[PDB]
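A.B. asks: This one is an experimental structure. Sequence first:
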Amino acid sequence: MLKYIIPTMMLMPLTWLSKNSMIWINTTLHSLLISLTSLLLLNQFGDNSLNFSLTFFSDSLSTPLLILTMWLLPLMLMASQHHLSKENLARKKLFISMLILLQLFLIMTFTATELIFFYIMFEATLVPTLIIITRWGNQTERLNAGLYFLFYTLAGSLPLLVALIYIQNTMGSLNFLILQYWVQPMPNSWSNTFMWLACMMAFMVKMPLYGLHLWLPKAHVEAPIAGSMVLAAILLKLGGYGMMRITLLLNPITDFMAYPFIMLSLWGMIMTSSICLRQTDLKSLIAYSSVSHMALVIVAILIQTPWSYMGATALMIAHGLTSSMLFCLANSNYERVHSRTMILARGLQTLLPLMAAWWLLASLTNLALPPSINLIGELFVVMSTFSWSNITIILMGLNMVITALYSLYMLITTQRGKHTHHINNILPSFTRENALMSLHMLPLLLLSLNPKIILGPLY
Amino acid sequence: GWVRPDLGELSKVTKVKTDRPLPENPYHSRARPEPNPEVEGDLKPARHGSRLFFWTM
Ligand SMILES: CCCCCCCCCCCCCCCCCC(=O)OC[C@H](COP(=O)([O-])OC[C@H](O)COP(=O)([O-])OC[C@H](COC(=O)CCCCCCCCCCCCCCCCC)OC(=O)CCCCCCCCCCCCCCCCC)OC(=O)CCCCCCCCCCCCCCCCC
Ligand SMILES: CCCCCCCCCCCCCCCCCC(=O)OC[C@H](COP(=O)([O-])OC[C@H](O)COP(=O)([O-])OC[C@H](COC(=O)CCCCCCCCCCCCCCCCC)OC(=O)CCCCCCCCCCCCCCCCC)OC(=O)CCCCCCCCCCCCCCCCC
Ligand SMILES: CCCCCCCCCCCCCCCCCC(=O)OC[C@H](COP(=O)([O-])OCC[N+](C)(C)C)OC(=O)CCCCCCCCCCCCCCCCC
C-alpha cells in the first residue's frame, strides 16, 4: 500500500515547496496522477483478497473506497481554490496540507489489516476534518459544529477501542485475516450485548444512524466545500466499511441486536427524506438526503445478506459521487449569491443552462434513475430487505416516492420558475465549475457500464 | 604465687578446648525456602518483535 502512501506524503513537500502561483496546479496534477495510479488496486481475486503485507490489504470493499478517496482530492482542490483565492499563502498551504493529511489517513484507514490500526487511522481522520471545518468554515456555527462532530464520534468510538482491545485479549489478534478463520460465535448474553454496542455504535454515529445524526446537518453545512465533499463522500463510509468488517465477529447476536437500529433506519429514512421536503437551506437539504441514503446502507449491513452487502457498497460509492456533486452545485450558487437559502436564487436555467443540465443529472442520480449505480445499490438493498421481511417494501417504496419529491423540488426551486429580479450577479459558469461537475458526473455514469468493480467482496 | 594480669591481658580473646560438640543449629531454624530458578541460556531476539498490536518490529 506503500506505493500510495508515499506519493500522498510527497504531496506535502510538493505543496510547501511550490511557487505561490503554482500550489493549486501542482497538487491537482500530482493528486490526479495518484488517482490514476489507484486503479492497480483492481487486482482482485474471486477467493483471496489482495494482501500486501502484515499491515495492509485490499479486498473489493476497500478498493472502490480507495479509488473514490484518491479521486476526491483533486476535485476538492478544484472546488476550494476559488473561495480561498484571497487567503494568506501559508494558510492556503495549511488547508491543502489538511486535505493531503486526510487522504493519507483515509487510504490506510481502508487498507488497515489490523483493527486497532484501523481504529487509530479512523479516529485520526477527525483532526484534519475538525480543523478544516472550524478554521475555513464560513459562519459562526462552525465552532459549535466542530464540537458536535468531535463529540458524537469519540463518545461512540472510545467504547469501540476498549472493545477492540478486549478482542485482542480474547482472540489474541485483531488481524482481520486471522479473525476470518478464528471467529467464534457470539452468544446471547448481556456482556455480549454491550460488546455488540461497543463494536457498533461508533460506526452508527459515523453513518449516521437516525437519532444520532444531529452532528451531520451542522458539520456538513458549516464546512467549506472540500470539507462537505469529503464528509459526505468518504467519512460517512468509514462507518459502513467498519460495520462490514466488524460484523464478522458479532454473529449470531446481530440477528436480534439489529432490530432496534433497523427500525431507526427504516423509519429514519422516512423522516429525514420528509425533512428534505421542508428544508429552506439547500446545503442542509443535501445533508439530510445523505442521512436518508445512509439509512439504507445501515439496514443492508445489519441484515447481512450477499445482496444487501453488494447493494450497500454500490450505494456507498454512488452516494459519494452524487452527494459530492450536489454540494459542489450548491456551492456554485453560493459563490454567486452568498446565501444558502434555496428559495432565494430561482429560475437559474434561464441564466445558467449547462449548470442546469448538471443539476438535472445530479438530481436524476439522487432519485436513483436506472441504470445508475445509485439505482443498482438502491434496488439491491430493496431486494434483500424484501427477502428479510416483505412488509419493508412499504417503507422502501414510500421512501422512493419522497426521494423523488425532494430531488425534483430542489431542481424546480433553484432552476425553474421565474428568475429573481433583484439578483444580477449571476456570472456565467466558469470552466472550473463545469469541470468539477463533469469530474463528478462522468465517472458516476461510466460506472454503470461496468458496475462489478463497485459491488464489493462478495460479487 | 599469683601474678596480677597486666593492662590488656584479661581483654584478650582466648581459645578454649571443649569436649562438648559444636551446636549445628543453635537458632533452631527450619528448612529455608527453595530459591527461584535463575536465568540461563543465550538471549535470542523477540519473536516477530514487540507484538504490540500492529508493530512488526
Ligand atoms: C467507456 C466509453 C463510454 C462511451 C459512451 C458514454 C457512456 C456514458 C458516459 C456519460 C455521458 C454523459 C455526457 C453528456 C451529459 C453531460 C454533459 C452535458 O449535459 O452536455 C450537454 C452537451 C450537449 O448539449 P448542449 O446543447 O450543447 O447544451 C446543453 C444544454 O445546456 C441543456 O442540456 P439538456 O438538458 O438539453 O441536455 C442534457 C440531457 C438531459 O437528458 C436527461 O437528463 C434525460 C436522461 C434520462 C432519460 C433517458 C435515458 C434513460 C436511460 C437509458 C440510457 C441508458 C441505458 C441504455 C441501454 C439500453 C437499455 C439498457 O442529457 C443528455 O442528453 C445526455 C445523454 C446521455 C444521458 C445518460 C443518462 C443520464 C441520466 C441520469 C442517470 C441515468 C442512469 C445512468 C445511465 C448511464 C449509461 C451509460 O453534451 C456534450 O457536449 C457532450 C460532451 C462530451 C461527452 C462525453 C461523454 C463520455 C465521457 C467519458 C470520458 C471517458 C471515456 C471516453 C468515452 C467518450 C465518448 C465520446
Ligand atoms: C544494506 C544496507 C543499506 C540498506 C538500505 C535499505 C533501505 C533503502 C531505502 C532507504 C529508506 C528506507 C525507509 C525505511 C523503510 C520503509 C519503512 C516504511 O515505510 O514502513 C512501512 C509501514 C508499514 O508497512 P508495511 O507494508 O507493513 O512494511 C513495509 C516495509 O517492510 C517496512 O519495513 P519494516 O517491516 O521493517 O518496518 C518496521 C515498522 C513497520 O511499521 C509497523 O510495524 C506498523 C506501525 C507503523 C506506525 C504507525 C503509526 C500510526 C499513528 C501515527 C500516524 C502518523 C501520521 C502520518 C504522517 C503524517 C505526515 C508526516 O516501522 C516502524 O515501526 C517505524 C514507524 C513508522 C516510520 C516508517 C519510516 C519513516 C521514515 C521516514 C519518515 C518521514 C516521514 C514519514 C511520515 C511520518 C509518520 C511515520 O507503513 C506504515 O505504517 C504506513 C506509513 C508509511 C511510513 C512512512 C514511509 C517512509 C518513507 C517516506 C518518504 C517520504 C517522506 C515525505 C516527506 C515527509 C512527510 C511529510
Ligand atoms: C454515541 C453515544 C452512544 C455511544 C454508545 C457506545 C456503546 C454503548 C455500550 C458501551 C458499554 C461499555 C463498553 C463495553 C465494552 C465491551 C467489552 C466486553 O468484553 O464486554 C463484556 C464485559 C464482560 O466482562 P468480562 O468479559 O471481563 O467477563 C468475563 C466474561 N463473563 C461475563 C462470562 C464472566 O462487560 C463488562 O465488563 C461491562 C459491559 C457493560 C459496561 C457498562 C458501563 C458503561 C455503560 C455504557 C456507557 C456508554 C457511553 C456513555 C457516554 C455517552 C455519551 C456521553
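C.D. replies: Structure received. Numbers count the residues shown, from 1 in each chain, chains lettered A, B, ... in the order given. Ligands and ions are numbered 1, 2, ... in the order given.
A.B. asks: could you list every residue that touches the closest residue to chain B within the stretch 351-459 of chain A?
C.D. replies: Relative to chain B, the nearest point of the stretch 351-459 of chain A is residue A:457 (21.7 Å; CB to the nearest CB). For every residue, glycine as well, the C-beta is placed using N, CA and C. The contact partners of residue A:457, taken as CB atoms under 8 Å, 6 or more residues apart in numbering or on different chains, are A:49, A:59, A:60, A:61, A:309.
A.B. asks: Please name the nearest non-neighbouring residue to the first one.
C.D. replies: To tie it back to what came earlier, the one meant is residue A:49. Nearest non-adjacent residue to residue A:49, counting by CB to CB, 6 or more residues apart in numbering or on different chains: residue A:59, 3.7 Å away.
A.B. asks: ok, the residue of the stretch 351-459 of chain A closest to chain B to residue A:24 distance?
C.D. replies: Distance, residue A:457 to residue A:24, using CB to CB, to the nearest Å: 37 Å.
A.B. asks: got it, and residue A:343?
C.D. replies: 33 Å.
A.B. asks: Please apply the same query to residue A:252.
C.D. replies: 52 Å.
A.B. asks: which of those two has more neighbours?
C.D. replies: Higher neighbour count among residue A:252 and residue A:24: residue A:24, with 21 against 11, using other CB atoms under 10 Å in any protein chain shown.
A.B. asks: Over to that one: give its phi and psi.
C.D. replies: Dihedral angles of residue A:24 (phi, psi; degrees, to the nearest 10) stand at phi -90, psi -40.
A.B. asks: Stretch A:91-103: how far from the chain's middle?
C.D. replies: 19 Å (CA atoms, centre = their mean, to the nearest Å).
A.B. asks: any residues touching it, and which ones?
C.D. replies: With contact meaning CB under 8 Å, 6+ apart, stretch A:91-103 is reached by A:8-9, A:11-12, A:15-16, A:23, A:27, A:31, A:69-70, A:73, A:76-77, A:80, A:84, A:87, A:125, A:128-129, A:131-132, A:135-136, A:226, A:230.
A.B. asks: Could you measure from the residue positioned nearest the centre of chain A over to residue A:139?
C.D. replies: Centroid-nearest residue in chain A, with CA atoms, centre = their mean: residue A:233, separated by 2.8 Å. Distance, residue A:233 to residue A:139, by CB to CB: 22 Å.
A.B. asks: Could you give the number of residues near whichever residue of chain B sits closest to ligand 1?
C.D. replies: Closest contact between chain B and ligand 1, by CB to the nearest ligand atom, is at residue B:54 (39.1 Å). Residues near residue B:54, counting by other CB under 10 Å, number 17.
A.B. asks: Residues of chain B that sit close to ligand 2?
C.D. replies: Counting by CB under 6 Å from any ligand atom, chain B comes close to ligand 2 at B:54, B:55, B:56, B:57.
A.B. asks: is it true that the first one lies in a helix?
C.D. replies: No. Inclusion of residue B:54 in a helix is not indicated when DSSP: H, G, I helix; E, B strand; the rest coil is applied; the result is coil.
A.B. asks: Was I right to think residue A:18 contacts residue A:27?
C.D. replies: Yes. Applying CB atoms under 8 Å as the test, residue A:18 and residue A:27 come out as touching, 7.5 Å apart.
A.B. asks: quick one: which of the two has more around it?
C.D. replies: Set side by side, residue A:18 and residue A:27 show more neighbours around residue A:27, with 24 against 16, by other CB under 10 Å.
A.B. asks: The more buried one and residue A:100: what is the separation?
C.D. replies: Taken as CB to CB, the span from residue A:27 to residue A:100 is 8 Å.
A.B. asks: Pull the number of nearby residues for residue A:458.
C.D. replies: As a burial measure, residue A:458 scores 13 neighbours (other CB under 10 Å).
A.B. asks: For it, give me its contacts.
C.D. replies: A:306, A:309, A:310.
A.B. asks: Same question for residue A:262.
C.D. replies: A:298, A:299, A:302, A:303.
A.B. asks: ditto for residue B:50
C.D. replies: Residue B:50 makes contact with residue B:57, according to CB under 8 Å, 6+ apart.
A.B. asks: One more: residue A:417?
C.D. replies: Neighbouring residues of residue A:417 by CB under 8 Å, 6+ apart: A:346, A:347.
A.B. asks: do the same with residue A:250
C.D. replies: By CB under 8 Å, 6+ apart, residue A:250 lies in contact with A:186, A:195, A:196, A:199, A:200, A:257.
A.B. asks: Wait, the first one touches residue A:255, no?
C.D. replies: If I follow you right, that is residue A:186. No. Using CB under 8 Å, residue A:186 is not in contact with residue A:255, being 10.4 Å away.
A.B. asks: what's near enough to touch the residue in chain B positioned nearest to chain A?
C.D. replies: Closest approach between chain B and chain A, counting by CB to the nearest CB: residue B:54, at 4.3 Å. Residues in contact with residue B:54, defined by CB under 8 Å, 6+ apart, are A:54, A:55, A:112, A:113, A:114, A:116, A:117, A:174.
A.B. asks: Farthest pair within these?
C.D. replies: Farthest-apart pair in the contacts of residue B:54 is A:54 and A:116; separation 13.6 Å (CB to CB).
A.B. asks: Comparing these two, which residue is more hemmed in?
C.D. replies: Taking neighbours as other CB under 10 Å, residue A:54 and residue A:116 compare with residue A:116 leading, 19 against 14.
A.B. asks: Skipping its backbone neighbours, what lies nearest the more buried one in space?
C.D. replies: Excluding its sequence neighbours, the residue lying closest to residue A:116 (CB to CB, 6+ apart) is residue B:53, at 4.9 Å.
A.B. asks: list the contacts for the residue nearest to residue A:49?
C.D. replies: Contacts of residue A:59 by CB under 8 Å, 6+ apart are A:44, A:49, A:50, A:457.
A.B. asks: just those now: which is nearest residue A:210?
C.D. replies: For the contacts of residue A:59, the nearest to residue A:210 is residue A:457 (26.8 Å; CB to CB).
A.B. asks: Please identify the buried residues of the longest helix out of those in chain A?
C.D. replies: In chain A, with assignment by DSSP state H, the single longest helix is helix A:306-337. Neighbour counts using 16 or more other CB atoms under 10 Å in any protein chain shown place A:307-334, A:336 of helix A:306-337 among the buried residues.
A.B. asks: coming back round to it: return the backbone torsion pair for the residue of chain B closest to chain A.
C.D. replies: Dihedral angles for residue B:54 - degrees, to the nearest 10 - are phi -150, psi 0.
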